[PDB]
Amino acid sequence: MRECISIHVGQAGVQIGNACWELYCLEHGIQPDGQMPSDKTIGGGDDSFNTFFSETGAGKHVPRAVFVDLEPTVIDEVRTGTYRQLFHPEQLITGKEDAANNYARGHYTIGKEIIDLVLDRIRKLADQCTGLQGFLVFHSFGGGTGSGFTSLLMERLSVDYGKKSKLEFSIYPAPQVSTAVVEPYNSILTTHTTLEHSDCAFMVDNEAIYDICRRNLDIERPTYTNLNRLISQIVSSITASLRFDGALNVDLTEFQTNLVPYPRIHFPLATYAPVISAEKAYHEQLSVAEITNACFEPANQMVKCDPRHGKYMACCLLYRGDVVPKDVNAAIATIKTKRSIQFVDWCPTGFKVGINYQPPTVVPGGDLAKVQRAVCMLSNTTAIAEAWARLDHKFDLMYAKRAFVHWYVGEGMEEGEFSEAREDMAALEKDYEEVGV
Amino acid sequence: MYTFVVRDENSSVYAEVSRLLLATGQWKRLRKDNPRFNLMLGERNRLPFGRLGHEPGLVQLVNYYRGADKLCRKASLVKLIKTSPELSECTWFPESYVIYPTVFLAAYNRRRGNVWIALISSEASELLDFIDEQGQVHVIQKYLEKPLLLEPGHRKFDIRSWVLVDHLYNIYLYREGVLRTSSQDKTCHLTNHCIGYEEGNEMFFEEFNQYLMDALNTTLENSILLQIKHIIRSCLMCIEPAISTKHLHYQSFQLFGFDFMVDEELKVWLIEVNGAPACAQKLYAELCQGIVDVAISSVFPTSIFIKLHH
Amino acid sequence: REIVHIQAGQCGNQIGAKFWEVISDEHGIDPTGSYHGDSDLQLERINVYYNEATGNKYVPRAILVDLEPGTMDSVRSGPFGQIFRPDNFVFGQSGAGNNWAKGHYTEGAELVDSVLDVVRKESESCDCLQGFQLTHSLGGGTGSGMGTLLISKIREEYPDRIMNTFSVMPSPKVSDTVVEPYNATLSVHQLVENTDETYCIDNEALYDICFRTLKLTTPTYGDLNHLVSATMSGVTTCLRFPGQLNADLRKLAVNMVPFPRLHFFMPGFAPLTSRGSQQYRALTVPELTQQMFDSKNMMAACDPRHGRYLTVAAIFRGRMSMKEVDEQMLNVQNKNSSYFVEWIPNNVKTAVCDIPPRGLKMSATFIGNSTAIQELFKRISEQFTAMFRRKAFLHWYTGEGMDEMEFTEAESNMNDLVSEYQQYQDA
Amino acid sequence: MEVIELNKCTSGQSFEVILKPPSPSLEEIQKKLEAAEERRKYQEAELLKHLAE
Ligand SMILES: Nc1nc2c(ncn2[C@@H]2O[C@H](COP(=O)(O)OP(=O)(O)OP(=O)(O)O)[C@@H](O)[C@H]2O)c(=O)[nH]1
Ligand SMILES: Nc1ncnc2c1ncn2[C@@H]1O[C@H](COP(=O)(O)OP(=O)(O)CP(=O)(O)O)[C@@H](O)[C@H]1O
Ligand SMILES: Nc1nc2c(ncn2[C@@H]2O[C@H](COP(=O)(O)OP(=O)(O)O)[C@@H](O)[C@H]2O)c(=O)[nH]1
Ligand SMILES: COc1ccc(N(C)c2nc(Cl)nc3ccsc23)cc1
Ligand SMILES: [Ca+2]
Ligand SMILES: [Mg+2]
Ligand SMILES: [Mg+2]
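Chains as they are written, first to last, in my numbering: chain V, 1 to 437; chain E, 438 to 747; chain Y, 748 to 1174; chain B, 1175 to 1227.
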């Protein structure tokens, strides 16, 4: 057993982190006080769930997590929330002045003041690890902290933990729930600086999550809470292989191996099904064939885009619940005939499949119905580059007039970093294009 | 009031569609780069499909199907016909091959008509050296050595059909077609009216049907058009799963030009599919007004179209 | 994240006093500083504007300034006048005689250190100071001349804090002296360099609204200030209450100001109401949306259709469908897209707060950064030059040591501001 | 369509299916962060110098 440390940065990262850790406790039978009745390994153990939880001599299971924000408002709710006893106080790090939606304020001005403290608190968790695998980093592209501080931390993690994998769960900006007009700037700045330091990044477009909540959960105007419970279900599907017994994606290194054959194209598309409202009195349970087929519907993807017009480089299906391999292959065979699934010719046309027999767990009183079987598909498709295209365009409109650039230059950033980051993105869109035509 | 943008100024068809939209007082034209449009009459190449359908509060529609180029380029169409089980390796497409200027050894099995096109020739080398002196990809295909020839004049022709596929993937064949007549011999073998009996070298269906009853004892409908409807339906049904926008966040429609050649057994063949066609001047008003009714007003609110049922 | 509030001169202290009356009522604070409040939304961010004192009293973080004691006596005599901290009254005796030069260079200079001492005391008790907000007029002497002197000195001592102002522009329709265009032009020159954000509160618009829309035949400064206090309450909503946004002055500045000098906002309000008379039909979200964007609701006398919105911030107050709010806000942009610059994507951001203002079940407040604001500065520039070309009334200023050259520089800077706003109206 | 690498345990199973085969240092970081602080300090020194005039 090798440990994983989760790092949650800024408002989006912290609030999503809370949703995930609440769901993790429910899945593993850990109560808000951190007690786990079924762990007979008291004070320790090299069990699968110990990848994400440490144990006290007193039997408390404590997340291997650190929450960092440049203002206290959001983490203060964790300090006084349902799971406050869960986290050690040193794990919740707070500033006083946030980044003001400004990547350069998070990365240079305010970030340089708190980076050493954060890395010492991280070092403290690493020191309780017998073999550290690496990090899971949650943040927004658009926030000043989520973008600017995260990229500073990713650089230092590469220096201080050279051999360790770093994965990202990243919130791509959507106008329906965005808070700043400069989110396109912060996104390109944090993608450019972070690209080399990340081995695998799962993007979640808030536009996709929002529509899924409206369409399938009948929420008139979703809140962050609605989005984050849905997002935490997807994150839980992705990390389940790290926390449970099994033979697929058992360490962070396997995520790169299975999903990222070329290093810069390391943004797998996540597709999740079925999403069913808790309000539906009568729901006909969906079969393996139906939930699998739903994995090829753009309406169920974490990023709206069209995989029929890209090429695949890898594809994993992560099932939870009443699923047997025969139903999966039967479902795949018919789906192959009926859908446009084109692989790059230098990769085999195939699916890596993981099945966990425990069906998805749902937060009591949430919006998701309990279902008998669910699946998260992770495909590395060039189609996800549509999202880069959209963002680079918005960036280009504002930057052509240098609108708002003075707020970044005023924090000590140079204008040249904008065009350098924008050039990197240009090479990225070109990489995806060469691989996809 | 609905809004739209025009990003291909060289389109006769959608220039008339713009004029029609404005004249209803219910459509206003925005600037090319304004993204708060309902309708995009897009450019012909590198049309930015990945930026459609991400405008909250706007239902967005575009006049092209992403991926329909596979049907509308010479060498991709051959690839599609020979590799798609729906269109077997197929009684209504002339035998075709792709060759690159930097494999079709059946003329030897011919052991004897061998006219082919890119451009036309009778000897393999005469053509092969023509593709290399240009530089890009060409395709060569059997010439129709006994076409149907109109009398008087002994002339040759091709049939254009316009087909409108709406956002719901209804296939609508415009009831008016046009024959392009002809009056190293490119003068009466390549039938492009770009390359004077009937005005401008265009015989419309009413005259052509009258011909088929007088000369042959049949109708346009039985002897040719059944075959055409079958071909259109087959081609568009084959690519439907790859290009449909039924569950997409933006919707597409598109107008196609199908080019057919009729032979002497009154037997139809597919030559080309044109993805940005023009119309005969006599028919612009009607067809463009049809594009508005069937493809645009049906999204943003007797018939000149034959719905091809699938 | 504490804000320090400063109100200066006659107009500054009168609209300042109304603002503290209005938001205290919204937060459940009475004239004694005690909280008899219904909801707890009222106290969650109360520290942005209030210091807490022993015995659970709430004291405004407010400093009252004037070179003349009269209108500050009336404030202290006023309803909530007992809530202000008495040490934070800083005043002289000689007045400013409606002369920017006296407020800025001779009378105001004598008193400005005492004010900065009070500013310092309030700042040193702040956990993390956001910055400052100043209420003042630009047409008098004290708010205009000494107010901009205070801004310049506050910037020297707190260069990394945000400076925000509510600046009342003079109008001949509501005018005290002929020299208002001089005082205003000298002040704008200061505001362009030394504030991050200023709400342009145009006495012309306030007068037109009272006369035309509110059918008040003879509007008083009391009628004008009812509009001002409603606008001030609305534009502060996201600083004072918890929401999906949790705004502060720096984030407002970052998201509203694409180029540093273009930081002058047209505020708007709906429904427009006169003091004392209440109407009993609430608006529909569709009605709120149309009225808040209507030129007849702008507090700066500019036609928005003569320019383009660079950025817009909108806040809806009251129990309503946020779905309907979102649809109506998307509707106005999609139907009027030409009036929003295409080079700032999604330049309209909406916030909602459950607590409505006093007397209304629903309201909408509008904050626009429009290139049409140039009309305001053009109007003032014409009135300035009409006198300045004959050097009329200058002796009031040269008598305090000022030079004509200083008038030429300030006029030239304000003309440049007009040019820069014109530059982006066509892009 | 070939199934391979099947692993079974009491919690689930995993396997693979082939439809078809193939056809900066701590010091450099310190330098950039401190450069940006110098640009900030310079611009603030220009502001105060101009306010001193
Ligand atoms: N899915 C999801 N997205 C969120 C959540 N919270 C914030 N976001 C997104 O994050 C973007 C802004 O970044 P934030 O993380 O909120 O800002 P920050 O990381 O705290 O950095 P600061 O600028 O200092 O506040 C917005 O566009 C939101 O869409 C959340 O709880 N769930
Ligand atoms: N296999 C074949 N047998 C006989 N005639 C043929 C033929 N293939 C093409 N032709 C004729 O020769 C012409 C060659 O022109 P081509 O088909 O390349 O033009 P096009 O149809 O691409 C022009 P547009 O896009 O304006 O319709 C055809 O239009 C047709 O009249
Ligand atoms: N809206 C409004 N404007 C005012 C009020 N009092 C003064 N003004 C304006 O301010 C200008 C006079 O400046 P004033 O503030 O009285 O001089 P000061 O005492 O030196 O600050 C006039 O042009 C008025 O239009 C008020 O109560 N409300
Ligand atoms: C143009 O995009 C934006 C404009 C403004 C903002 N911010 C920071 C606001 N700050 C305050 Cl105090 N109130 C409001 C009310 C609505 S937005 C807003 C955010 C984005
Ligand atoms: Ca154990
Ligand atoms: Mg935050
Ligand atoms: Mg006065």
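The beta-carbon is built from N, C-alpha and C at its ideal position, and this holds for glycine as well.
- For a Cβ distance threshold of 8 Å, residue set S899, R902 and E903 of chain Y lies close to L1225 of chain B, ordered along the chain.
- In the DSSP assignment, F766 of chain Y falls within the alpha helix (DSSP H) that extends over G756 to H774.
- Only residues of its own chain outside the window of five on either side were considered, and among them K60, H61, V62, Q85 and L86 have a CB closer than 7 Å to the CB of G34 of chain V, listed in chain order.
- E71 of chain V has its CB nearer than 7 Å to a heavy atom of ligand 6.
- For the pair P778 of chain Y and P989 of chain Y, the Cα-to-Cα distance works out to about 24 Å.
- Between ligand 4 and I536 of chain E, a heavy atom-to-CB distance of less than 7 Å is absent.
- Considering only E:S558, E:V515 and E:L467, the residue with the shortest C-alpha distance to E582 of chain E is E:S558.
- Note on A65 of chain V: 16 or more other CB atoms within 10 angstroms of its CB, so buried under the neighbour-count rule.
- In the structure shown, the three-state DSSP call for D787 of chain Y is coil.
- In the DSSP assignment, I276 of chain V falls outside any beta strand (DSSP E) and carries neither an H nor an E.
- Residue environment for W767 of chain Y: buried (at least 16 other C-beta atoms within 10 angstroms of its C-beta).
- In this structure, the CA atom of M1076 of chain Y is about 20 Å from the CA atom of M1046 of chain Y.
- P678 of chain E places its beta carbon 8 Å or farther from that of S419 of chain V.
- At a cut-off of 8 Å between beta carbons, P906 of chain Y contacts chain B.
- For the region 358 to 437 of chain V, the full-length alpha helix (DSSP H) segments reaching 4 residues or more read 385 to 400, 405 to 409 and 415 to 436 along the chain.
- Within chain V, the C-beta atoms nearer than 9 Å to that of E1211 of chain B come from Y108, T109, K112 and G412, in chain order.
- With 16 or more other Cβ atoms from the protein chains shown falling within 10 Å of its own Cβ, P1051 of chain Y counts as buried.
- Selection V:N50, V:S379, V:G13 and V:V14 evaluated against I30 of chain V yields V:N50 as nearest (Cα-Cα).
- Contact note: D245 of chain V reaches chain B through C1183 and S1185, using a C-beta cutoff of 7 Å and chain order.
- Partner residues in the beta bridge of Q35 of chain V, as assigned by DSSP, are V:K60.
- Chain V places a beta carbon closer than 8 Å to that of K1194 of chain B, counting this residue as a contact.
- Assigned with DSSP and collapsed to three states, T924 of chain Y falls in coil, not helix or strand.
- For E1220 of chain B, the enclosing alpha helix (DSSP H) covers residues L1200 to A1226.
- When Cβ-Cβ separations below 8 Å define contact, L1207 of chain B makes contact with chain V.
- Neighbours of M438 of chain E in chain Y, taken as residues whose beta carbon is under 9 Å from its own, are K1082 in chain order.
- Going by C-alpha positions, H851 of chain Y is about 10 Å away from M1149 of chain Y.
- Interface with chain Y (8 Å Cβ-Cβ cutoff): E1220 of chain B is excluded.
- In this structure, ligand 6 has a non-hydrogen atom nearer than 7 Å to the beta-carbon of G143 of chain V.
- The residue among E:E639, E:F737 and E:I577 with its C-alpha nearest the C-alpha of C716 of chain E is E:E639.
- Interface criterion not met: the Cβ of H747 of chain E is under 8 Å from no Cβ in chain V.
- Annotation: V615 of chain E is outside any alpha helix (DSSP H); the continuous beta strand (DSSP E) that includes it extends over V615 to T618.
- Under the 10 Å beta carbon count, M1175 of chain B is surrounded by fewer than 16 other beta carbons and is classified as exposed.
- Look at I661 of chain E here: in three-state DSSP terms it is helix.
- Per DSSP, the beta bridge partners of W706 of chain E are E:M698.
- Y1086 of chain Y carries a helical assignment under DSSP once its states are collapsed to helix, strand and coil.
- Runs of the alpha helix (DSSP H) lying entirely within the region 219 to 266 of chain V and spanning at least 4 residues, in chain order: 224 to 243 and 252 to 259.
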